[PDB]
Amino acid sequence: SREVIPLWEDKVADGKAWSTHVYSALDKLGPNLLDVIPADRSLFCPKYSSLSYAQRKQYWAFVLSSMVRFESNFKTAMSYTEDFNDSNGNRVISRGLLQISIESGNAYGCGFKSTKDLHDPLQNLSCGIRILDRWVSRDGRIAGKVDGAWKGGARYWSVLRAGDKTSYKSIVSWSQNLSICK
């Protein structure tokens, strides 16, 4: 039985199937993510270096669920028109659980065939894993700003960028108070 359960299991009829998908997709798409020992563990998860592989998968499914809470409030249909352009001069549309866009997402190998695919919760969550797998492994940390540049998941998601706002403060608090982390 698990030590940590993601927040979508409380909010959504299919939440247990989302968890099952994420645990399997982490083996295929997150192997680099799951090998990092992050430089900001003292902030996010003080006991990170003691966690088993199974415990690290539980941790990352929980953190992804906290990001979903603040990006979409668990609404796979959500779309939002941004204030900046794509490469063709049309405003970017952010979509689905983690508010990913088709041009930026497909540069990570997400393979979205059409805009409808970003509203598929399983494809959306797998793309989030690919984005974390690249930046957390390249930068060696979960988030933060170093020498003027955002690092880790904060490269892509505003909710992971430090500041005096409810999303960031809540994600950090919930992470660091998990029983496995404290």
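In case it trips you up, residue 1 is the first one in the sequence shown, and so on.
Of the two stretches examined, 167-175 and 11-19, the record assigns the greater average C-alpha temperature factor to 11-19.
Two stretches are in play, 134-142 and 114-122, and the higher mean C-alpha B-factor belongs to 114-122. When all modelled residues of the chain are sorted by CA temperature factor, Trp150 is found within the highest third.
The entry lists a Cα temperature factor for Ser50 that places it in the highest third of the chain's modelled residues. In the PDB entry, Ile93 places in the middle third of its chain by CA B-factor. Compared with the other modelled residues of the chain, the Cα B-factor recorded for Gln99 ranks in the lowest third.
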